[PDB]
Amino acid sequence: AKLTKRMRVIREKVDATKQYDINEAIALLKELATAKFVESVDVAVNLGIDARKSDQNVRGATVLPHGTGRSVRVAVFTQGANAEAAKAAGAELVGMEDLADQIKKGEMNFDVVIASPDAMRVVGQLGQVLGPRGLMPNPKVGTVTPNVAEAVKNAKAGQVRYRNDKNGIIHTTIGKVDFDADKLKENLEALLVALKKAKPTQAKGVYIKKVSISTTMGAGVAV
Amino acid sequence: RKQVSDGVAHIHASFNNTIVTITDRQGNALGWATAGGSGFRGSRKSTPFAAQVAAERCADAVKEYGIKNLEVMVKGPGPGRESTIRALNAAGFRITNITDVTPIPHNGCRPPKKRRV
Amino acid sequence: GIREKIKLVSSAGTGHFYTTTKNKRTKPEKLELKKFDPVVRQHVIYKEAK
RNA sequence: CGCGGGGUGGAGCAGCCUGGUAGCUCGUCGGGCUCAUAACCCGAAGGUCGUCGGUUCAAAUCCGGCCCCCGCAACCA
RNA sequence: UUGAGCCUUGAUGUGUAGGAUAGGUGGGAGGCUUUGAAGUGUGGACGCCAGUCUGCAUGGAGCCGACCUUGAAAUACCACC
RNA sequence: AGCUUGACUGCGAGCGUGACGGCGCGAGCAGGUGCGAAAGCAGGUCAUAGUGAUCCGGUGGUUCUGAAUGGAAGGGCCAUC
């Protein structure tokens, strides 16, 4: 005890105060994980943003070349034959009046929700449980729209949501160490420029000093 | 706060009151009580019980400082000078030594009894 | 006086605000009335009155 | 033309380098108890945390507006 | 030496409510641990008196959850601050 | 009472008085609205006190200006206290 066995099998692979590049860091991250299953890659980074200033609160979504590193279950709310057309275009299930039961209890087996403005009344009255879970459709980001058969095709475009918490920490799943190194590189490079586009018009000192990646096995590495 | 578990008790007794202070042997105070500040006025603070409530009230000032085994320094003529100590023992404290440290002025000021009539 | 001048926002998001003299700090009643606009000159809803 | 400490039953004030206990207490109202009034002792009645927001199930504890108070011609050109 | 400040070191969360001690907080049915842990009691340390640790009482590979159900959020396995 | 906000907007043939600054009366067109079944109507209240030019500073817009030249400051003009 207490340093766990799968962390003792990776002795002398990390040294403190060491500098890297993405191609060097992802080859080490693949070497810290020894597990038999397919493991995920998660980012957790601190930003130069002041908790007193309302114009420095960072939250929204983006579309990345490989998304979060997995396929997503998309749900679509609309009426008549266009619900079957949207199911063919890029959705796993139709949004029903009966589906509100799984929503209001918070036991939803889906990742993204799209709605037509005439069906929005089935989920708008559940924004208290969809909002804090990162599942809420919003007219200001085109996820409440009459053209659902193009909006579900954009729900398969590699969607990643982001939201900061206290001390300006922000979190995203971005891949697998089972991926090709050029694939894991292009998705991380796309996350970084989507986050540089998201920089506020006033920031505290240096906005993003480093980028950190982990699997939790042997802990994370910075670039 | 961490327990200090050592100290000296400074007790003073008058005809109508009983006073208690707890110090570390560096001379530094950690708690106080009186038979009056124990919630009594008039001659109710002269009681043998107000001298007990003073002991348990000064012990309430050092309960987190952990002092229970100490030595006593006594001043003044008041009968509470033993009524506070026989009660302090029944409150769970250990007494090592008791020394009477009352001063003896070489007169100076006239004794406050006056009368002169 | 104590009634004082106040400016209204529009539902069109205009830079030009409409002025009236109306209490907010001791006797608020608000105002929404629609008036002439300087950007397309076909009126806009001036509302809320702070 | 502009700033930040304070605002918590009728008054005064803690609560706040853990985000929820509504508190210390003065007065008001009513009983024990001494020769008797008060002290003492046992109790009762009444809170839009100035007032709306941000992040939220949640803000007295952090912030931002709006308001009032503050040593003071806030500048009056 | 000291008000304010900084590099360096070591452990943290019951302010209420439980069945229950959810620091804030993001993921999550498959995984950690495996000559040692489980738990409610007199003794020992501490205590918010609920239990946390320790030898015994004792056991000897678990432990755990989904249904159901408290809660805004959960109670394996584990990041970020 | 119902509807409505014309307490609108670009322009204006002309007329009355005051030493001047100043103050009163108005046909008719142009853009966009409203009342009304429609004719017809509205350029703030029943009308006589609810009140300063200018200098200056703040404030939205603007190549109109701008001293080598291209931006810029300052000024001009339209808005405005």
# chains A, B, ... in the order shown; residues from 1 in each chain; ligands from 1
$ residues_around --residues "stretch 24-36 of chain C" --least-positions-apart "3" --cutoff "12 Å" --atoms "only C-alpha atoms (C1' of nucleotides)" --output "PyMOL selection string"
(chain C and resi 2-12+14+16-21+39-50) or (chain D and resi 51+66-68) or (chain F and resi 4-9+31-33)
$ select_by_dssp --residues "chain A" --states "strand (DSSP E)" --output "PyMOL selection string"
chain A and resi 40-46+59-63+74-77+93-94+112-115+159-163+169-176+212-214+221-222
$ closest_residue --among "A:32, A:219, A:122, A:76" --to "chain E" --atoms "only C-alpha atoms (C1' of nucleotides)"
A:219
$ interface_residues --of "chain A" --to "chain E" --cutoff "12 Å" --atoms "only C-alpha atoms (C1' of nucleotides)" --output "number ranges by chain"
A: 1-7, 35-37, 39-47, 105-107, 128-129, 132-133, 162-173, 212-220
$ residues_around --residues "residue D:63" --least-positions-apart "4" --cutoff "8 Å" --atoms "only C-alpha atoms (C1' of nucleotides)" --output "ChimeraX atom specification"
/A:51-53 /D:54
$ write_last_selection --atoms "C-alpha atoms (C1' of nucleotides)" --output "PDB file, in the first residue's frame"
ATOM      1  CA  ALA A  51     -13.197  35.106 -11.019  1.00  0.00           C
ATOM      2  CA  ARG A  52     -14.363  38.730 -10.262  1.00  0.00           C
ATOM      3  CA  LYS A  53     -14.805  39.699 -13.984  1.00  0.00           C
TER       4      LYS A  53
ATOM      5  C1'   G D  54     -23.692  36.432 -12.084  1.00  0.00           C
TER       6        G D  54
END
